[PDB]
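Have a look at the structure below, then the notes.
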Amino acid sequence: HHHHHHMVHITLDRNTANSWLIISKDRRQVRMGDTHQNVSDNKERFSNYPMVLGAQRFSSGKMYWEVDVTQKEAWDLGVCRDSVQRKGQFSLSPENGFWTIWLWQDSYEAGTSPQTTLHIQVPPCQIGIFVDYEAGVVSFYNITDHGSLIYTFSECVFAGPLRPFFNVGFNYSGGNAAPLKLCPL
Ligand SMILES: Cc1cc(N2CCCCC2)nc(CO)n1
C-alpha cells in the first residue's frame, strides 16, 4: 500500500471512554485500569466494554492512521458511525455501524456478521487503518509485515460521520494490561 501520505493525527476523546480506561496526557495511549477511574457517567461513554473513540470526525476524503498492539492478547480496531449505541450489549457489525477487526484467543477475525476468519502469517505489532469515505472502503494493513493487506470492507454504508474506534479488551487473564498506542507519522 502507498496510503501513508493521507496520514491524520488521531487523538482519543476522554468523554467517550469506558470509565475504567486511562488515557495518557498526550491523548495518544489508552489502557485498562484495575478499577473505576473516578469520572462522572455521561451519555457518550461505552458502558459494557473497554471502548473509546477518537476525537476526529470524518465525512469525506481519505484518512490513514497506525496503532501499536504489542503484547496484547485481545483488542478491536477500526472505525464506527458517530451514532453507534453506547449503552448495553451489542455486536460489532456493519449493520450496527462498525467496520473493525479483532484478536481474541489467538485468532484474528473481521467484524462481519457472522465474523470472518483472517489469515495472517506474521502476527502484527502495528496495524494501519485506511478509510476512503467516497469509495466506501475500510482497509487494514500489517505494518510488521511490510504493509501486507489484512482485510478490506467494501461497499460500506457509513450513513454519517465516522470516528476512529478502539477496544483495549478485558484483562481477566492478567496478560492483556498493555496499552493501545497511536504511532507517530
Ligand atoms: C470467548 C469467545 C471466543 C470466540 N471466538 C470467535 C470464533 C473464533 C475463536 C474465538 N467467540 C466467542 C463467542 O461468544 N467467544
Original post:
Taking the stated definitions as given, is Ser113 polar (S, T, N, Q), without any contact (Cβ under 8 Å) to a residue 24 or more places away in the chain, within 17 Å of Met63 (Cα to Cα) and exposed (fewer than 14 other Cβ atoms within 10 Å of the Cβ)?
Top reply: no
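Name every residue in segment 15-29 that is closer than 20 Å to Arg81 by Cβ and not in a loop (DSSP other than H, G, I, E, B), in order of residue number.
Within segment 15-29, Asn15, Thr16 meet the criteria.
Residues that are more than 16 Å from the ligand (Cβ to nearest atom): find the strands (runs of 3 or more DSSP E) completely inside segment 57-157 holding 3 or more of those. Let's see the steps before the verdict.
On the way: elements: 62-68, 75-81, 98-104, 107-110, 126-132, 137-142, 148-153.
Here the list reads 62-68, 75-81, 126-132, 137-142, 148-153.
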Original post:
If we keep just the residues of segment 33-56 that are crowded, with 19+ Cβ neighbours inside 10 Å and assigned to a loop (DSSP other than H, G, I, E, B), which is farthest from the chain's Cα centre (by Cα)?
Top reply: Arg45
Subject >> Qualifying residues in segment 57-89 (those that are aromatic (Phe, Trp, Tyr) and over 19 Å from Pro184 (Cα atoms)) - the one surrounded by the most Cβ atoms within 10 Å (Cβ to Cβ) >> reply: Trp75
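Don't worry about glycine lacking a Cβ; one is built from the backbone with ideal geometry, like all the others, and counts go over all protein chains shown. The numbers here are math on the coordinates, done by the rules we state, and not lab data.
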